[PDB]
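What follows is a short report on a single structure.
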Amino acid sequence: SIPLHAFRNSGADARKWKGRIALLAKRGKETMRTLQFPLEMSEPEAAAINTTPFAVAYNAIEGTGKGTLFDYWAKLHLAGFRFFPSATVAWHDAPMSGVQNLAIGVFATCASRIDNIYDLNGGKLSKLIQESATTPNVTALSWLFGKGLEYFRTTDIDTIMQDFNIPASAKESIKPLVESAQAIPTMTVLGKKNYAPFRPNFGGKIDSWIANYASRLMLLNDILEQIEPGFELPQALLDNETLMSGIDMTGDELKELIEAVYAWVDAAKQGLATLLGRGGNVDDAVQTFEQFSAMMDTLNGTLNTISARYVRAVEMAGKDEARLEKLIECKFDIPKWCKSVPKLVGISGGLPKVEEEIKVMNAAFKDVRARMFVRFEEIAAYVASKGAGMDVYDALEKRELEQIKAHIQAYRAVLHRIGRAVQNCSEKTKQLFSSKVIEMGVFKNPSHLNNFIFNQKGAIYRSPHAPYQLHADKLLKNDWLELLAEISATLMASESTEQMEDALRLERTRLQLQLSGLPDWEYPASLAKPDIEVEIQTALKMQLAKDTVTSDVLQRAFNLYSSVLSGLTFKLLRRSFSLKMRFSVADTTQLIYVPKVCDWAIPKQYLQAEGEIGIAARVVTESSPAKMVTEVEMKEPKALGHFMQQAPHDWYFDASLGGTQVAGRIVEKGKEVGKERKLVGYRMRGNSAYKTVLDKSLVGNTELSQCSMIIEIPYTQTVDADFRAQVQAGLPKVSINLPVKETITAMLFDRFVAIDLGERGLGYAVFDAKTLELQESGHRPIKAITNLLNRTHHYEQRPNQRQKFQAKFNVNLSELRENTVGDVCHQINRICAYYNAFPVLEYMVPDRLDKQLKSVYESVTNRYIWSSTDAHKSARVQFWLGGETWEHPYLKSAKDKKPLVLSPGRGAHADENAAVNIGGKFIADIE
RNA sequence: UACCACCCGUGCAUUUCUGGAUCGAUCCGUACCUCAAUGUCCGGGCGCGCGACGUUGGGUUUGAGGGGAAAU
């Protein structure tokens with residue numbers, strides 16, 4: 001028998017294992033997976049693709065502006081039209097005019113019709129709203145997007161009014177609806193006359209928005225009902241400076257925030273009433289709602305931070321009880337009404353116009369940088385006018401004195417901040433910094449400095465674990481701000497984009513240290529309020545409203561400058577991105593089966609078989625594969641599928657873009673395989689596994705759902721010394737995305753494996769479920785985890801051509817996290833298959849583990865363990881091929897005396913020992 | 001069993017058919033994205049210029065994962 005190291009629960013074999021485990025599931029759902037088939041085009045053919053008509057079509061479909069479908073739909077809704085599944089529209093409701101947010105207006109108009117809405121839960125509200133707006137399975141839009149659009153675009157306003165019996169009062173609401181309809185362009189892509197085929201995706205985005213909005217509104221009804229007046233944080237809590245460190249506001253500021261919250265609770269009851277359609281200005285209601293939500297978010301965040309600090313303090317208290325008594329004196333509660341209503345994403349689409357956007361962002365980066373420099377200059381001038389000079393070292397010495405209640409310590413802190421920015425920098429920048437610090441000789445061991453900047457490990461300054469030893473005289477001698485300025489200048493001279501980014505970062509760091517030197521004074525509002533058009537958090541806005549501001553709030557406004565500049569830097573540093581257009585129709589997928597032009601020697605073993613392939617082999621006399629399939633079609637019609645799967649063939653897709661002229665027969669769901677016909681198409685590229693999936697469809701094992709054509713236009717960006725960016729368009733790439741339902745052709749319950757997620761790998765202990773006794777214990781190490789933790793910099797730097805221009809942040813690290821989760825899950829599944837056992841995971845990922853490692857483990861845990869959160873549950877179901885619930889035949893949970901619910905993972909060398917312990921805890925649970 | 005040896009990073013490359021039918025054999029299927037490995041580059045750290053000291057350590061799979069689109 002293969003040891004686990006040689007065992008191969010991988011690829012299609014692991015998909016088959018997952019599928020059999022899912023067949024054992026007591027509760028499951030039908031799941032699809034989308035496979036991407038790169039179409040094969042030659043360079044001339046790719047050049048001949050014109051993505052302009054496609055971009056027009058995508059803007060009309062996915063756009064939220066004028067001349068898009070969303071605009072026309074919203075206009076119909078606000079004109080006083082009600083949507084009916086089977087002309088699919090009628091004029092009933094009174095027209096709603098003057099709503100800046102059309103989606104919000106629609107949701108409110110539909111909700112006005114609903115009665116006794118407050119008892120209705122978020123889910124029910126969403127359902128009713130979407131039924132009213134999109135008419136189940138988007139049936140009304142079939143008329144409106146095709147024939148209706150033609151009617152509104154080509155029908156006198158008076159005639160429209162006469163047809164739908166509309167009174168003269170609503171004539172205005174109608175005129176914009178007619179004008180919006182006319183503004184829509186003409187669909188030319190995919191051989192489609194009108195927008196009706198695309199109607200599914202529109203329906204779907206609108207429905208997701210409806211659900212989210214309804215859920216938010218009901219969470220707030222709940223919050224407003226729960227508001228209990230007079231909750232206040234104890235004065236003692238506020239007084240504890242240690243507990244306060246890192247709430248980013250003052251105690252007085254927090255009390256002001258709670259009073260603001262009660263006034264806005266009143267305002268929000270009123271605003272939610274207005275949004276459910278009771279009446280009044282939807283736009284004002286929206287602003288009120290958003291402000292209150294932001295307030296309630298900031299308050300909750302602050303409270304959670306304070307609670308975490310409290311928990312840490314309690315953990316440290318330990319044996320000492322005086323500290324515990326002080327903690328009970330400061331003890332605070334988080335009110336149930338306080339609860340984060342997070343910011344909600346609006347409907348957004350179309351494709352970004354790269355060149356216009358790049359001009360805008362060059363301009364913006366230049367402007368923001370100039371403004372930041374000017375602001376810094378102004379702050380410096382105000383402090384100088386008063387007559388006390390900013391000095392980072394003096395300020396740091398004062399801070400150290402306050403913390404005790406030194407010049408060396410100040411210098412050490414400055415050097416440490418510079419060092420952290422250089423840890424964040426590229427290898428060449430790290431090298432420059434290291435060389436310069438060795439030339440200065442401040443570090444006792446240049447080795448320590450090298451390690452700190454390159455290996456990102458160690459600390460030069462500790463804040464009351466030993467800080468790095470330094471030559472004090474040399475340290476007092478070398479200024480650090482000038483060193484930073486020189487490094488920045490040299491990196492800008494390097495004129496390499498990584499080096500330019502590092503220069504920008506170091507300049508920001510220097511400005512930040514100079515500002516940290518500010519004395520403890522009152523500063524006017526003028527210096528404090530950012531002129532960069534940046535969005536500001538509630539706490540900072542409340543601090544800013546006050547005429548006199550502290551050093552820390554001025555620092556925070558400078559940090560806002562820094563953040564805008566950093567986003568603009570990410571936008572100008574990128575060398576590669578793509579503009580992607582996805583088109584999906586309602587029609588069934590037609591593939592083209594093209595038989596290869598060759599001579600096929602069918603096997604003689606095929607000849608003697610009793611299967612469909614055997615029958616087909618018997619009838620064939622022809623020597624060319626097209627002739628052979630025609631022969632099987634004529635003689636053994638049932639045997640066609642298996643013969644076709646085995647014969648020489650290629651898969652093609654028309655894509656309505658021209659392509660190779662081929663002699664092929666269409667393969668379509670439900671319909672029988674067609675007669676050979678002259679068809680055009682683009683060959684679909686894929687490996688043997690993907691081609692096997694399509695072959696299975698011929699037999700009847702796989703079903704293909706509606707196709708999605710993704711066109712990507714690749715772009716390259718270059719930045720000159722002045723930072724103007726130039727963008728160049730690559731040849732377009734077309735791909736077909738196919739959702740596939742695969743019938744699973746006809747163990748978990750017999751044993752159970754306890755999985756421990758350790759820092760360097762995983763540990764497993766396998767216990768027989770019936771006797772609850774250990775069979776074998778072991779450790780499996782994960783190169784992929786260790787590798788991720790190490791190559792963080794490569795991932796960040798990796799150019800992604802695929803990454804969209806719209807993206808405002810780097811997500812290469814997130815994609816790598818996805819691959820890591822994949823790999824750990826693979827190891828767990830492999831162990832399970834080897835022992836025929838069900839996974840047991842620790843319910844809670846340990847807090848001690850590093851951020852990224854912790855996130856990976858949480859994802860792994862979700863993929864197996866049962867969790868309440870919908871996202872987690874959906875991920876787990878998708879991973880387990882539709883398996884939502886399992887029931888154990890002989891295991892009963894001791895606590896409720898109910899048969900074990902497995903999903904299929906139950907919830908409960910160092911790694912090995914910890915896994916045996918988890919297994920033991922699960923054993924104790926079930927008894 | 002055999003195999004291979006300080007620990008990593010950074011940049012640049014190269015490679016990976018990994019799915020089926022039928023009775024090991026014959027024939028279909030052409031190979032996408034990502035990671036990884038490997039090679040190389042330059043740069044750290046550690047032990048005593050170098051790099052495991054018969055005995056150790058490490059890995060072993062048909063390298064691994066792929067559910068999109070939207071978003072964040």
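By order in the structure tokens, chains are A, B, ...; within a chain, residues start at 1; ligands start at 1, following the order shown.
Here is the contact set of chain B against chain A, at 7 Å and counting only C-alpha atoms (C1' of nucleotides): residues 10, 19, 20, 21, 22, 23, 26, 27, 28, 29, 30, 31, 32, 35, 44, 45, 60, 61, 64, 65, 67 and 68 of chain B.
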* Neighbour list for range 386-403 of chain A as a list in words, cut-off 10 Å, only C-alpha atoms (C1' of nucleotides), skip fewer than 2 positions in-chain -> residues 379, 380, 381, 382, 383, 384, 405, 406, 407, 408, 409, 410, 411, 412, 413, 414, 463, 464, 481, 513, 514, 515, 516, 517, 518, 519 and 520 of chain A
Go ahead and write the residues just picked, N, CA, C and O atoms, as a short mmCIF file (atom, residue, chain, number, x, y, z; two decimals), in the first residue's frame.
data_model
loop_
_atom_site.label_atom_id
_atom_site.label_comp_id
_atom_site.auth_asym_id
_atom_site.auth_seq_id
_atom_site.Cartn_x
_atom_site.Cartn_y
_atom_site.Cartn_z
N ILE A 379 2.55 75.03 7.78
CA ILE A 379 2.55 74.61 9.20
C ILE A 379 3.85 75.09 9.80
O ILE A 379 3.82 75.72 10.88
N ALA A 380 4.96 74.80 9.12
CA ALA A 380 6.30 75.16 9.62
C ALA A 380 6.34 76.67 9.89
O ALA A 380 6.84 77.07 10.95
N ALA A 381 5.78 77.46 8.98
CA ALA A 381 5.81 78.93 9.09
C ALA A 381 5.03 79.39 10.32
O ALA A 381 5.51 80.31 11.01
N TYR A 382 3.87 78.79 10.58
CA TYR A 382 3.04 79.19 11.75
C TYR A 382 3.82 78.94 13.05
O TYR A 382 3.82 79.82 13.94
N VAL A 383 4.46 77.79 13.16
CA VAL A 383 5.20 77.44 14.40
C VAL A 383 6.37 78.41 14.54
O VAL A 383 6.61 78.91 15.66
N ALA A 384 7.04 78.71 13.43
CA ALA A 384 8.19 79.64 13.44
C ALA A 384 7.72 81.05 13.82
O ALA A 384 8.45 81.73 14.56
N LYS A 405 7.10 59.62 33.33
CA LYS A 405 6.30 60.28 34.40
C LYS A 405 4.99 59.52 34.62
O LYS A 405 4.65 59.32 35.80
N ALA A 406 15.10 61.02 26.23
CA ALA A 406 16.56 61.26 26.07
C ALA A 406 16.86 61.56 24.60
O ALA A 406 16.11 61.11 23.71
N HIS A 407 17.93 62.31 24.36
CA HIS A 407 18.37 62.63 22.99
C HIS A 407 18.68 61.31 22.28
O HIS A 407 18.27 61.14 21.11
N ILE A 408 19.32 60.41 22.99
CA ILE A 408 19.73 59.10 22.44
C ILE A 408 18.46 58.40 21.99
O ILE A 408 18.41 57.93 20.85
N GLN A 409 17.47 58.37 22.87
CA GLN A 409 16.22 57.64 22.59
C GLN A 409 15.50 58.26 21.39
O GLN A 409 14.95 57.52 20.57
N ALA A 410 15.50 59.58 21.30
CA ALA A 410 14.84 60.29 20.19
C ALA A 410 15.50 59.87 18.88
O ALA A 410 14.80 59.52 17.90
N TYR A 411 16.83 59.91 18.88
CA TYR A 411 17.58 59.57 17.67
C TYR A 411 17.22 58.13 17.30
O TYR A 411 16.96 57.85 16.12
N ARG A 412 17.17 57.26 18.30
CA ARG A 412 16.88 55.83 18.05
C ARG A 412 15.50 55.68 17.42
O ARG A 412 15.39 54.96 16.43
N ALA A 413 14.49 56.37 17.93
CA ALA A 413 13.13 56.28 17.37
C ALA A 413 13.12 56.79 15.92
O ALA A 413 12.46 56.15 15.05
N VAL A 414 13.82 57.88 15.65
CA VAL A 414 13.82 58.42 14.26
C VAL A 414 14.42 57.34 13.36
O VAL A 414 13.84 57.00 12.27
N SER A 463 9.95 50.65 22.90
CA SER A 463 9.12 51.66 23.59
C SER A 463 8.55 51.07 24.88
O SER A 463 7.68 50.20 24.84
N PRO A 464 9.04 51.52 26.06
CA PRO A 464 8.46 51.11 27.34
C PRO A 464 7.01 51.57 27.53
O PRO A 464 6.80 52.77 27.72
N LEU A 481 17.30 62.85 8.84
CA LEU A 481 16.41 63.45 7.81
C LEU A 481 17.20 63.71 6.53
O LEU A 481 16.67 63.43 5.44
N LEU A 513 7.92 62.54 10.01
CA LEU A 513 8.81 62.76 11.20
C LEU A 513 8.93 64.25 11.53
O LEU A 513 8.85 64.65 12.72
N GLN A 514 9.13 65.07 10.51
CA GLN A 514 9.23 66.52 10.78
C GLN A 514 7.95 66.99 11.48
O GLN A 514 8.05 67.71 12.50
N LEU A 515 6.78 66.58 10.99
CA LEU A 515 5.50 67.00 11.61
C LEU A 515 5.39 66.41 13.01
O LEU A 515 4.82 67.09 13.87
N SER A 516 5.93 65.23 13.27
CA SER A 516 5.84 64.60 14.61
C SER A 516 6.57 65.49 15.61
O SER A 516 6.20 65.49 16.80
N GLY A 517 7.53 66.28 15.13
CA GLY A 517 8.28 67.21 15.98
C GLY A 517 7.45 68.37 16.51
O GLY A 517 7.97 69.09 17.37
N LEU A 518 6.23 68.58 16.02
CA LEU A 518 5.38 69.73 16.44
C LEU A 518 5.23 69.77 17.97
O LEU A 518 4.96 68.75 18.60
N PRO A 519 5.35 70.96 18.58
CA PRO A 519 5.09 71.13 20.02
C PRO A 519 3.61 70.97 20.41
O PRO A 519 2.76 71.10 19.55
N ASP A 520 3.33 70.71 21.69
CA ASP A 520 1.93 70.51 22.16
C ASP A 520 1.22 71.86 22.24
O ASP A 520 1.22 72.46 23.32
#
* Selection near range 854-862 of chain A, 9 Å with only C-alpha atoms (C1' of nucleotides), sequence-local residues under 4 positions removed, as a PyMOL selection string -> chain A and resi 757+785+817-818+820-822+824-825+841-850+866-867+872-873+875-876+905+907
Go ahead and write the residues just picked, C-alpha atoms, as a PDB file, in the first residue's frame.
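This is the output file selection24.pdb:
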ATOM      1  CA  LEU A 757      -3.154  23.979  11.688  1.00  0.00           C
ATOM      2  CA  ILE A 785       2.501  28.186   3.647  1.00  0.00           C
ATOM      3  CA  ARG A 817      -3.593  33.615  -0.232  1.00  0.00           C
ATOM      4  CA  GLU A 818      -6.210  31.873  -2.426  1.00  0.00           C
ATOM      5  CA  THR A 820      -2.239  28.795  -0.201  1.00  0.00           C
ATOM      6  CA  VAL A 821      -5.750  28.026   1.067  1.00  0.00           C
ATOM      7  CA  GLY A 822      -6.129  25.717  -1.958  1.00  0.00           C
ATOM      8  CA  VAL A 824      -3.749  23.387   2.675  1.00  0.00           C
ATOM      9  CA  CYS A 825      -7.235  22.165   1.771  1.00  0.00           C
ATOM     10  CA  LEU A 841     -10.938  21.194  12.768  1.00  0.00           C
ATOM     11  CA  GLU A 842     -10.290  23.435  15.791  1.00  0.00           C
ATOM     12  CA  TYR A 843     -13.366  25.714  15.904  1.00  0.00           C
ATOM     13  CA  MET A 844     -11.322  28.904  16.461  1.00  0.00           C
ATOM     14  CA  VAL A 845      -8.088  29.794  14.613  1.00  0.00           C
ATOM     15  CA  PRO A 846      -5.472  30.746  17.245  1.00  0.00           C
ATOM     16  CA  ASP A 847      -4.985  34.543  17.668  1.00  0.00           C
ATOM     17  CA  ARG A 848      -1.188  34.111  18.182  1.00  0.00           C
ATOM     18  CA  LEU A 849      -0.624  33.234  14.463  1.00  0.00           C
ATOM     19  CA  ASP A 850       0.569  35.987  12.033  1.00  0.00           C
ATOM     20  CA  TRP A 866     -19.823  24.646   9.784  1.00  0.00           C
ATOM     21  CA  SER A 867     -20.171  28.426  10.354  1.00  0.00           C
ATOM     22  CA  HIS A 872     -18.508  30.950   4.844  1.00  0.00           C
ATOM     23  CA  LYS A 873     -21.409  28.570   4.333  1.00  0.00           C
ATOM     24  CA  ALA A 875     -17.766  28.764   0.191  1.00  0.00           C
ATOM     25  CA  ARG A 876     -17.989  25.445   2.073  1.00  0.00           C
ATOM     26  CA  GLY A 905     -15.920  18.632   8.854  1.00  0.00           C
ATOM     27  CA  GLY A 907     -15.857  21.466  14.842  1.00  0.00           C
TER      28      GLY A 907
END
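Secondary structure from DSSP on the backbone puts strand (DSSP E or B) at the following positions of range 871-915 of chain A: residues 883, 884, 885, 886, 887, 888, 889, 890, 891, 892, 893, 898, 899, 900, 901, 902, 906 and 907 of chain A.
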* Could you pull out the residues in range 89-283 of chain A that DSSP calls helix (DSSP H, G or I) from the backbone, as a count of residues only? => 133
Find the spatial neighbours of residue 270 in chain A, counting only C-alpha atoms (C1' of nucleotides), within a cut-off of 10 Å - ignore same-chain residues fewer than 4 positions away - and output them as a compact mmCIF listing (two decimals) with C-alpha atoms, in the first residue's frame.
# COMPACT_ATOMS: atom_id res chain seq x y z
CA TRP A 264 -28.93 61.01 14.67
CA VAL A 265 -30.99 58.00 16.01
CA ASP A 266 -33.93 60.34 15.95
CA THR A 274 -38.73 58.26 4.25
CA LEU A 275 -36.79 55.49 2.42
CA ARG A 278 -43.80 56.94 3.74
CA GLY A 280 -40.41 63.14 1.80
CA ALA A 285 -33.10 60.62 3.74
CA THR A 288 -29.05 61.25 6.87
CA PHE A 289 -28.98 57.46 6.72
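Comparing B:62, B:72, B:55, B:40 by their smallest distance to residue 11 in chain B, the closest is B:40 (using only C-alpha atoms (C1' of nucleotides)).
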* To do: Name all residues at most 12 Å from residue 752 in chain A (count only C-alpha atoms (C1' of nucleotides); drop same-chain ones fewer than 5 positions away) and give them as a PyMOL selection string.
  => chain A and resi 747+764-777+828+831-841+888+891+902+904-907+915-916+918-920+922-923
Hey, can you spit out that residue selection with N, CA and C atoms as a compact mmCIF listing (two decimals), in the first residue's frame?
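Here's the written file part.txt:
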# COMPACT_ATOMS: atom_id res chain seq x y z
N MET A 747 -16.66 4.82 4.42
CA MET A 747 -15.96 5.96 3.77
C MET A 747 -15.88 7.14 4.75
N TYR A 764 -1.91 15.53 12.10
CA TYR A 764 -3.17 14.76 11.99
C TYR A 764 -3.17 13.59 12.96
N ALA A 765 -4.34 13.31 13.53
CA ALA A 765 -4.52 12.06 14.30
C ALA A 765 -5.79 11.40 13.82
N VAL A 766 -5.74 10.12 13.48
CA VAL A 766 -6.93 9.45 12.88
C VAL A 766 -7.50 8.47 13.89
N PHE A 767 -8.76 8.67 14.25
CA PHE A 767 -9.43 7.82 15.25
C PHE A 767 -10.57 7.10 14.57
N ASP A 768 -10.75 5.83 14.88
CA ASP A 768 -11.93 5.09 14.40
C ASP A 768 -13.14 5.73 15.05
N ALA A 769 -14.16 6.09 14.28
CA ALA A 769 -15.34 6.79 14.83
C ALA A 769 -16.10 5.88 15.80
N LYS A 770 -16.25 4.60 15.47
CA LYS A 770 -17.06 3.67 16.31
C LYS A 770 -16.42 3.45 17.68
N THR A 771 -15.12 3.21 17.76
CA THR A 771 -14.46 2.93 19.07
C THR A 771 -13.84 4.19 19.66
N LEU A 772 -13.76 5.28 18.90
CA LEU A 772 -13.12 6.56 19.34
C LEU A 772 -11.70 6.29 19.87
N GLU A 773 -10.93 5.49 19.14
CA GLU A 773 -9.55 5.16 19.56
C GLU A 773 -8.58 5.52 18.45
N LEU A 774 -7.41 6.03 18.83
CA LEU A 774 -6.39 6.47 17.85
C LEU A 774 -5.90 5.28 17.03
N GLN A 775 -5.86 5.43 15.72
CA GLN A 775 -5.29 4.39 14.83
C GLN A 775 -3.86 4.78 14.48
N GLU A 776 -3.62 6.06 14.22
CA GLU A 776 -2.30 6.52 13.75
C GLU A 776 -2.22 8.05 13.85
N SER A 777 -1.04 8.56 14.17
CA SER A 777 -0.81 10.01 14.31
C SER A 777 0.37 10.44 13.44
N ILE A 828 -5.39 18.45 3.51
CA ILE A 828 -6.42 17.88 4.42
C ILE A 828 -7.24 16.82 3.68
N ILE A 831 -5.32 13.59 3.21
CA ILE A 831 -5.25 12.79 4.46
C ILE A 831 -6.58 12.07 4.65
N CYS A 832 -7.67 12.80 4.46
CA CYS A 832 -9.02 12.21 4.61
C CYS A 832 -9.17 11.00 3.66
N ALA A 833 -8.81 11.13 2.40
CA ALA A 833 -9.00 10.07 1.40
C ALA A 833 -8.14 8.88 1.80
N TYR A 834 -6.93 9.14 2.24
CA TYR A 834 -6.01 8.05 2.59
C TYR A 834 -6.61 7.23 3.73
N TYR A 835 -7.20 7.89 4.72
CA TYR A 835 -7.69 7.10 5.88
C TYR A 835 -9.18 6.82 5.77
N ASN A 836 -9.86 7.36 4.77
CA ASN A 836 -11.34 7.25 4.66
C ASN A 836 -11.91 7.80 5.96
N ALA A 837 -11.74 9.09 6.19
CA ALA A 837 -12.04 9.70 7.50
C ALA A 837 -12.66 11.07 7.32
N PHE A 838 -13.37 11.57 8.33
CA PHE A 838 -13.97 12.93 8.21
C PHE A 838 -13.18 13.95 9.02
N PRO A 839 -12.97 15.14 8.42
CA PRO A 839 -12.13 16.16 9.05
C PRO A 839 -12.71 16.73 10.35
N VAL A 840 -11.87 16.91 11.35
CA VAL A 840 -12.26 17.63 12.59
C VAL A 840 -11.29 18.79 12.71
N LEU A 841 -11.81 20.00 12.73
CA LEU A 841 -10.94 21.19 12.77
C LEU A 841 -11.15 21.89 14.11
N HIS A 888 -24.30 11.65 10.52
CA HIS A 888 -23.54 10.44 10.90
C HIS A 888 -24.50 9.34 11.29
N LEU A 891 -23.23 8.21 15.32
CA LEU A 891 -22.67 9.15 16.32
C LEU A 891 -23.72 10.17 16.74
N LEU A 902 -22.52 16.73 10.21
CA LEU A 902 -21.15 16.97 9.75
C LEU A 902 -21.30 17.85 8.53
N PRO A 904 -18.54 18.37 5.81
CA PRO A 904 -18.48 17.09 6.52
C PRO A 904 -17.51 17.20 7.69
N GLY A 905 -16.83 18.33 7.75
CA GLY A 905 -15.92 18.63 8.85
C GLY A 905 -16.65 19.02 10.11
N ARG A 906 -16.47 18.28 11.18
CA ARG A 906 -17.00 18.67 12.50
C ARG A 906 -16.10 19.73 13.13
N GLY A 907 -16.60 20.38 14.17
CA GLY A 907 -15.86 21.47 14.84
C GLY A 907 -15.53 21.17 16.29
N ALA A 915 -3.21 18.00 17.26
CA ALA A 915 -4.28 17.31 16.51
C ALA A 915 -4.88 16.20 17.38
N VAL A 916 -4.04 15.43 18.07
CA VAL A 916 -4.56 14.35 18.95
C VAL A 916 -5.45 15.01 20.01
N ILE A 918 -7.23 17.86 19.79
CA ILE A 918 -8.51 18.30 19.16
C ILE A 918 -9.40 17.06 19.02
N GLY A 919 -8.80 15.96 18.60
CA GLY A 919 -9.58 14.74 18.39
C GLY A 919 -10.19 14.34 19.71
N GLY A 920 -9.40 14.42 20.78
CA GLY A 920 -9.86 14.06 22.13
C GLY A 920 -11.03 14.94 22.55
N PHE A 922 -13.19 16.50 20.59
CA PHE A 922 -14.39 16.08 19.80
C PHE A 922 -14.98 14.79 20.38
N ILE A 923 -14.10 13.88 20.78
CA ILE A 923 -14.52 12.58 21.36
C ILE A 923 -15.32 12.90 22.60
